[PDB]
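For the protein sequence lines, the chains are A and B, in the order given.
Quick note on the numbering used here: the first sequence kicks off at 5 and runs consecutively.
Quick note on the numbering used here: the second sequence kicks off at 200 and runs consecutively.
Yeah, the Cβ is synthetic: ideal placement off N, Cα and C, and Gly gets one too.
The next block holds one structure in the form of structure tokens; read it before the comments.
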Amino acid sequence: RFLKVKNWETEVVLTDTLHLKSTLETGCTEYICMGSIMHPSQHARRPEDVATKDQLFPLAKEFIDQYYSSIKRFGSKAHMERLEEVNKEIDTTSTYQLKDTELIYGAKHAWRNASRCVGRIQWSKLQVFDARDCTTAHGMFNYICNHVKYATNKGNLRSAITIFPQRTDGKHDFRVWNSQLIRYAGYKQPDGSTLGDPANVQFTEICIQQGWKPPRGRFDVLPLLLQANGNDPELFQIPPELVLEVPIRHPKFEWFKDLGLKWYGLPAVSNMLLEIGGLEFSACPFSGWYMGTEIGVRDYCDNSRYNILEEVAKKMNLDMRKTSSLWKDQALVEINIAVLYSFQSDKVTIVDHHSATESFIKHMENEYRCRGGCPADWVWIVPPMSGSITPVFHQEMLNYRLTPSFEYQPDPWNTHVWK
Amino acid sequence: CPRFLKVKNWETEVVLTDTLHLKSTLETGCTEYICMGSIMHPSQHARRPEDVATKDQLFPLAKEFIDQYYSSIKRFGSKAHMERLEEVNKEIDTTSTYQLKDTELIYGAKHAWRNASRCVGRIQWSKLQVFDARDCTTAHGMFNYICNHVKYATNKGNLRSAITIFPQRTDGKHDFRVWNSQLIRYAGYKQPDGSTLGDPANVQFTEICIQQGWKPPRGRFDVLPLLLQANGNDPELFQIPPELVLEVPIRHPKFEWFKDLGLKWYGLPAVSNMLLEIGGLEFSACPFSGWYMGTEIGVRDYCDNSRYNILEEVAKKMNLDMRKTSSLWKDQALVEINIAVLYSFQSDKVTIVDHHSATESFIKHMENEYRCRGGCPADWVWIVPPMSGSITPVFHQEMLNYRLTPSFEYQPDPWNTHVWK
Ligand code: HEM
Ligand code: HEM
Ligand SMILES: CCN(C)CCN1CCCc2cc(NC(=N)c3cccs3)ccc21
Ligand SMILES: CCN(C)CCN1CCCc2cc(NC(=N)c3cccs3)ccc21
Ligand SMILES: C[C@H](O)[C@H](O)[C@H]1CNc2nc(N)[nH]c(=O)c2N1
Ligand SMILES: C[C@H](O)[C@H](O)[C@H]1CNc2nc(N)[nH]c(=O)c2N1
Ligand SMILES: [Zn+2]
């Protein structure tokens with residue numbers, strides 16, 4: 005049936021028909037909701053479940069059909085020939101190759117279908133870099149440097165994705181071992197504490213084990229660890245002139261710069277899997293720009309990340325002896341003012357959570373009008389601070405899984421057998 | 200379904216194992232292909248009247264509850280258990296319904312709270328004062344019971360959780376109902392120029408009261424009268440004695456001008472429009488009360504755009520740059536309002552809990568329920584507070600949501616279904 009979602013602030017009701025198109029499971033049942041589970045088995049893509057000639061043609065036919073519907077040429081001569089072309093290819097090689105137009109369409113729609121992404125108003129503005137001719141980690145490094153340079157654009161960030169060769173037998177995977185192209189190292193200290201980003205302690209140790217000489221500072225850009233065609237991964241240093249960073253300062257608190265905080269301008273996720281028409285692209289780094297709260301709330305103030313609230317609140321001379329003084333909430337706002345101010349002062353693209361969630365509501369309205377719906381995961385869409393003063397808090401959302409999609413996959417060091 | 204389901208806390212790495220979901224009794228709204236986790240009222244969280252429960256539907260619902268009760272008192276399979284089952288079955292046969300024992304009523308009410316997946320306050324669930332008002336026959340009698348509840352629960356600011364339970368639904372034409380959404384709430388008045396005075400959330404109910412004969416003072420914080428329906432009769436208006444309504448004027452520890460905003464709020468949140476379901480019986484009037492978490496007032500009541508909507512005025516008094524959203528002037532004022540709310544309640548010695556303490560307690564409660572009960576149903580969308588979400592521990596806590604009985608359920612507004620005499 006048609007499903008209605010209401011905004012409880014504006015009373016707008018939208019009617020969802022698009023969910024009728026989905027075939028992937030969510031993890032919920034009629035009797036249990038798993039809406040807050042970060043990784044049900046239905047959002048991940050193991051190298052176990054790579055398809056076969058059997059399973060592959062229906063998935064391919066589904067995608068070709070939706071592509072030719074999207075260009076208003078359903079059933080055309082070009083459509084019929086492409087289905088026959090793809091069928092013969094799967095039959096004689098156990099796989100098939102996307103056309104360039106199909107690859108671009110599939111990457112844009114994987115973003116459009118990402119129910120956890122608040123930035124999807126931009127979905128049709130995506131630069132797609134076809135790297136399917138790559139064969140070595142040196143080639144991967146070259147493609148990644150070009151991506152970083154293009155997407156950074158001297159601070160005027162541009163969304164981009166680079167797509168490396170698809171999975172074949174699961175023993176010749178292309179993988180970026182980094183979770184993002186640009187990230188900071190973390191180091192376990194003798195006294196038991198952590199230097200740098202605690203989230204990256206394990207990956208940092210693998211780089212050190214592979215020969216990386218760590219500077220052992222608080223914000224050391226990690227090297228790239230690149231695996232091509234299932235071989236052992238190889239280390240590379242991104243040229244530093246390509247790595248745009250912002251020193252964080254505060255418009256009012258002159259002492260804030262003395263905290264020594266910085267962050268990088270370019271968020272570039274490199275560990276997800278792109279699925280298009282049954283094909284699995286296990287290396288597909290994609291980049292956009294930051295929403296301020298990603299840095300100011302989560303990276304800086306998560307207890308398991310840089311965890312700076314206590315230091316900031318002390319410089320603010322807040323009463324920290326009782327929770328009900330809301331000293332953490334006060335420091336949190338000031339930290340997020342500093343992040344936005346610093347990026348804006350340096351002319352590095354960033355969006356605040358008020359502007360981003362407002363754009364997302366507009367996007368939802370666009371999608372319901374032209375597409376009949378928009379899958380959206382409230383748990384991820386609502387920002388991690390000031391939730392109910394953003395309009396998405398009051399927006400009912402339906403979450404469902406459409407393909408093409410981005411999926412999580414296992415960390416390669418848990419599956420890879422080395423030299 | 201699998202026997203064991205695991206939830207992870209992504210901050211602490213603690214993994215918990217849920218087996219209680221196997222006892223889930225009714226639907227969530229989700230399917231295998233869609234998640235409705237952010238829908239506020241899926242039809243499965245509601246209860247419509249006229250249909251009532253039939254004889255055949257009622258026995259298994261009653262047996263399931265009676266079994267659960269005798270299991271909890273470590274008397275499962277006992278002589279008393281089997282005799283109670285026989286007594287209930289015979290009542291349902293001769294009268295099409297049955298009456299709960301006092302002990303069963305208390306157990307059922309406490310467990311409806313324990314099972315309320317959207318409540319962050321459930322560490323308190325076993326400390327609930329249950330007032331049995333099933334002997335009530337008139338709206339005047341309902342008023343008396345409600346006044347006693349308010350006085351007991353308020354306790355001069357040392358608030359005590361309580362519930363008052365009126366007679367259960369029979370044929371659906373004799374329902375007891377409190378037409379108010381909460382026992383204490385402020386009126387809202389639509390003005391000819393489109394503005395609203397008082398609380399915009401309550402305009403519809405305010406107009407009903409005025410139509411029923413309430414003379415409104417037409418101020419910003421007017422306590423609404425009680426509109427009470429006994430035995431399916433037309434509802435009747437009563438004024439709550441003002442000495443029973445504890446209120447807190449809102450001031451700020453630093454900003455001396457904050458008191459000049461003229462804000463106040465009431466101390467006792469007392470939901471009065473939900474339905475309590477125990478063993479297939481439906482208690483359509485069951486007002487229950489606890490105490491506030493501060494964000495309920497400081498974030499939602501005061502700062503929702505469709506409520507009192509005070510962010511702009513507060514931000515002006517703070518001399519904030521209000522031209523760009525990226526100055527975060529809304530976020531800065533929001534914190535200061537919530538500091539004021541907690542400071543004022545604590546200064547007046549009226550029970551309140553901040554969102555840091557409440558969520559920390561809920562995590563401890565959840566862990567204990569997993570260890571001793573096999574699980575704890577929780578709705579993340581409602582449990583995470585409406586400000587500073589990720590600096591509270593519940594943001595990082597995976598949760599499983601499922602529906603256990605006894606339960607609290609929403610029900611349609613009575614003015615939409617009531618047959619006027
Ligand atoms: C253009 C600016 C963009 C902004 C401002 C933005 C914003 C965000 C934010 C804030 C999140 C939550 C991240 C977190 O909590 O860790 C997110 C998630 C996500 N973004 Fe976007 N995004 C943008 C572009 C893109 C692009 C270009 C892609 C891919 C082509 C993309 C794909 C995704 C996916 C797949 C997720 C969720 C991953 C999951 O399912 O768990 N985003 N986005
Ligand atoms: C003792 C202190 C208590 C605290 C601090 C507390 C806290 C809360 C909060 C903050 C909410 C969300 C309210 C909203 O956003 O509008 C809530 C919901 C709820 N509370 Fe509690 N509560 C307490 C006691 C109780 C009691 C005594 C009962 C019933 C006996 C109860 C039953 C419920 C239910 C059923 C809901 C969710 C309604 C729904 O399903 O939508 N609470 N609670
Ligand atoms: C701690 C991070 N967790 C593990 C999620 C990692 N991830 C998954 C994919 C979506 C995602 C988005 C961001 N941010 C962004 N604005 C963007 C990155 C790329 C395009 S936009 C940052 C991280 C992630
Ligand atoms: C705008 C109000 N919305 C519509 C929800 C009303 N409601 C539903 C039931 C749970 C609930 C809890 C609170 N607060 C509390 N601490 C309590 C009230 C009673 C015991 S604890 C306030 C309101 C509600
Ligand atoms: C347990 C819960 O699912 C988890 O902490 C989620 C909550 N919402 C989130 N939302 C976003 N955008 N990013 C996250 O990492 C998370 N974490
Ligand atoms: C659309 C969304 O479900 C709605 O705004 C919810 C979000 N979470 C909430 N959480 C609580 N505690 N109370 C609420 O009223 C809401 N509203
Ligand atoms: Zn669900």
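Here A:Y268 has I186, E249 as same chain residues with Cβ atoms under 6 Å from its own Cβ, once five neighbours each way along the sequence are excluded.
Residues of chain B whose Cβ lies closer than 7 Å to the Cβ of A:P388 are, in chain order, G588, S589, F594. The count of Cβ pairs closer than 8 Å, one atom from the stretch 308-315 of chain A and one from the stretch 355-368 of chain A, stays below three, leaving the stretches out of contact.
With fewer than 16 neighbouring CB atoms inside 10 Å of its own CB, B:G276 falls in the exposed class.
The stretch 372-382 of chain B makes contact with the stretch 480-500 of chain B; the number of CB pairs closer than 8 Å reaches 3 or more. The beta carbon of B:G497 sits closer than 6 Å to the beta carbons of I536, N537, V540 from its chain, once the five residues preceding and following it are set aside; these are given in chain order.
Boundaries of the alpha helix (DSSP H) around B:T302: 301-313. DSSP, reduced to helix, strand and coil, places A:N370 within a helical segment of the structure shown. B:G356 is positioned such that its CB atom lies no closer than 9 Å to that of B:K563. Contacts between B:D553 and chain A, judged by CB atoms closer than 8 Å, involve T327, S328, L330 in chain order. Within chain A, the C-beta atoms nearer than 7 Å to that of B:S505 come from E13, in chain order. For A:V343, the enclosing alpha helix (DSSP H) covers residues 331-349.
Around ligand 7, the residues whose beta-carbon falls short of 5 Å from at least one of its heavy atoms are A:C32, A:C37, A:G39, B:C229, B:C234, B:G236, given in chain order. Against chain B, the CB of A:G143 has no partner CB under 9 Å away; the residue lies outside that interface.
Per DSSP, the continuous alpha helix (DSSP H) segment holding B:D266 begins and ends at 254-271. Counting of Cβ neighbours within 10 angstroms places A:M368 among the buried residues, the total reaching 16 or more. A:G282 sits close to A:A64, with the two beta carbons spaced by under 9 Å.
Using a CB distance cut-off of 9 Å, B:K350 does not count as an interface residue toward chain A. Residue contact check for B:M492 against chain A: no CB pair falls below 9 Å. At a cut-off of 9 Å between beta carbons, B:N537 contacts chain A. For A:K8, the enclosing beta strand (DSSP E) starts and ends at 7-10.
Of all residues in the stretch 29-41 of chain A, those with a C-beta nearer than 7 Å to a C-beta of chain B are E29, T30, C32, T33, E34, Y35, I36, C37, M38, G39, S40, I41, reading in chain order.
For B:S556, at least one C-beta of chain A is nearer than 9 Å to its own C-beta. With a 10 Å radius around the Cβ and a threshold of 16 neighbouring Cβ atoms, A:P271 comes out buried. Only buried fits B:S525, as 16 or more other CB atoms lie within 10 angstroms of its CB. A Cβ-Cβ distance of about 6 Å is found for the pair B:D370 and B:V251, placing them in contact under the 8 Å criterion. The stretch 133-149 of chain A makes no contact with the stretch 193-206 of chain A: fewer than 3 CB pairs, one atom from each, lie closer than 8 Å.
Judged by the Cβ position, B:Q596 qualifies as a neighbour of ligand 5 at the 8 Å threshold, a heavy atom of the ligand being closer than this. Inclusion of B:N430 and B:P366 in the CB contact set at 9 Å is warranted, their separation being smaller than that value.
Cβ proximity to chain A below 9 Å picks out nothing from the stretch 373-396 of chain B. If you check the C-beta of B:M473 against ligand 4, you find a heavy atom less than 8 Å away. By the Cβ criterion, the stretch 401-414 of chain A is not in contact with the stretch 593-606 of chain B, since fewer than three pairs of Cβ atoms, one from each stretch, lie closer than 8 Å. Burial state of B:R368 is buried, judged by a 10 Å Cβ sphere holding 16 or more other Cβ atoms.
Separation of the CB atoms of A:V180 and A:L230 is rounded to 6 Å, and the pair is thereby assigned contact status at 8 Å.
A residue is called buried once 16 or more other Cβ atoms fall within 10 Å of its Cβ, and B:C571, having fewer, is exposed. For A:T19, the enclosing beta strand (DSSP E) covers residues 17-20.
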